[PDB]
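Novice: Provided herewith is a single structure, encoded as structure tokens, for subsequent inquiry.
Just so you know, all these numbers are worked out from the coordinates, no wet-lab data involved. Please note: Cβ atoms are built from the backbone with ideal geometry, for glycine as well, and neighbour counts cover all protein chains shown.
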Amino acid sequence: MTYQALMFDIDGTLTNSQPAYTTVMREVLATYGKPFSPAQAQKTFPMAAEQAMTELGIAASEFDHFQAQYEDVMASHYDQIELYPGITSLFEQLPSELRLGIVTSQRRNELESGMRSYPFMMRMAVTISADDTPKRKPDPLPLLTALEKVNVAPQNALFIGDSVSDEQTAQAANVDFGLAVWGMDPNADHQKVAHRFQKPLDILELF
């Protein structure tokens, strides 16, 4: 017996977005008088925004403005973001019986502008963005909301991503986690998970 649903994170899993993130964050951070090293980019990329801005020492009163700037600049950089190789092939081969979806911390506007053009998005049964529930990963609510919308129980779902936040979301939700090893997150790699996928097409081995 295998899964009825696969839910995916976007950043570091479907899209190779760390380079664009790096450029955009550096640009925002300059307006707060701060540099942004490669080390800092690697460290903060997989974090929830609230954690990352805390880690970077942003004044807590400025968080909402910082995030607005980030979203504004990022909307000019989608062409700097490509899918990981194998992702398009993966979505051609996954069984049509699956309920596929997305659970992301991206705002809806960003999700739409950045993703809506990819043909594989037509296969998504549900997309949950930051705008669709009052809680954010690693709270389980966004994952559980997605699964309720496709009528699949937590035991019959796999959440595929490459962050500790995603891992904690899944654990909290009682949903199995599938590690996208190709995202190369150092911390996510050390957690015990249900499945580890070296490359995207390895997901097909579940079916």
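Novice: Starting from the 7 Å offset along Cα-to-Cβ, what nm value, one decimal, do you get for the label separation of residue 23 and residue 168?
Specialist: 3.1 nm
Novice: ³J(HN,Hα) across region 117-122 via Karplus (A = 6.51, B = -1.76, C = 1.60, θ = phi - 60°), whole Hz, x for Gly/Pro?
Specialist: Computed from phi, the couplings for region 117-122 are 6, 5, x, 5, 4, 5 Hz.
Novice: Can you classify region 90-141 as rounded, prolate or oblate using the Cα gyration tensor, where a ≥ b ≥ c are the square roots of its eigenvalues, rounded means a/c under 1.5, and otherwise it's prolate if a/b beats b/c and oblate if not?
Specialist: oblate
Novice: May I pose another question? Could you run the Karplus curve 6.51 cos²θ - 1.76 cosθ + 1.60 with θ = phi - 60° over region 25-34 and give me ³J(HN,Hα) per residue in whole Hz, x for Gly and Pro?
Specialist: 4, 4, 5, 4, 4, 4, 6, 10, x, 10
Novice: Taking H placed 1.01 Å from N in the peptide plane, check which residues at least 5 places from residue 194 or on another chain put their amide H under 5 Å from its amide H.
Specialist: 177
Novice: Any of 43/135; 149/192; 34/149 with alpha carbons more than 32 Å apart? Name them for me.
Specialist: 34/149
Novice: Which of the trypsin sites (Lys or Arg not before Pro) across region 114-207 are loop residues per DSSP, with 14 or fewer other Cβ within 10 Å?
Specialist: Loop-located and lightly packed - 116, 135, 192.
Novice: Is the C-alpha gyration tensor of region 20-132 telling us rounded, prolate or oblate? Criteria: a/c under 1.5 is rounded; beyond that, a/b larger than b/c is prolate, otherwise oblate.
Specialist: Prolate.
Novice: So, one more: Mind giving me the nanometre distance, one decimal, between the label points for residue 117 and residue 79, set 7 Å out from Cα along Cα→Cβ?
Specialist: Modelled inter-label distance: 0.9 nm.
Novice: Sort 8, 120, 45, 207 so the one with the fewest other Cβ atoms within 10 Å of its own Cβ comes first.
Specialist: So the ranking, lowest neighbour count to highest, is 207, 120, 45, 8.
Novice: If you average the alpha carbon positions of region 13-45 and of region 117-156, how far apart do those two centres end up, in angstrom?
Specialist: 26 Å
Novice: Let me ask something else. Could you state the angle between the C-alpha long axis of helix 164-173 and the longest principal axis of the C-alpha atoms of the chain, as a value from 0 to 90 degrees rounded to the nearest 10?
Specialist: So the helix axis and the longest Cα principal axis differ by about 50 degrees.
Novice: Next up: Hey, got a sec? Which GluC sites (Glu not before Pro) in region 86-140 land in a DSSP loop and have at most 14 other Cβ atoms within 10 Å?
Specialist: 97
Novice: So for the chain, averaging the separation of alpha carbon pairs under 8 Å that are six or more residues apart and normalising by length, what relative contact order in percent results?
Specialist: Across the chain, relative contact order equals 27 percent.
Novice: When a/c reaches 1.5 or more, the comparison of a/b and b/c decides; with that in mind, is region 60-207 rounded, prolate or oblate per its Cα gyration tensor?
Specialist: The shape class here is rounded.
Novice: Got a sec to turn the phi values of region 187-202 into Karplus ³J(HN,Hα) couplings, 6.51 cos²θ - 1.76 cosθ + 1.60 with θ = phi - 60°, whole Hz, x for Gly and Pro?
Specialist: Karplus values, whole Hz, x for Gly and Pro: 6, 4, 4, 8, 7, 6, 9, 5, 8, 10, 10, 5, 9, x, 5, 5.
Novice: Using a cut-off of 14 Å between beta-carbons, work out the net charge of the residues near residue 143 (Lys and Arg +1, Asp and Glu -1, residue 143 not included).
Specialist: -2
Novice: I would also like to ask the following. Using 1/(1 + (r/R0)^6) with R0 = 22 angstrom and r between the beta carbons of residue 59 and residue 37, what's the FRET efficiency to the nearest 0.05?
Specialist: Approximately 0.65, to the nearest 0.05.
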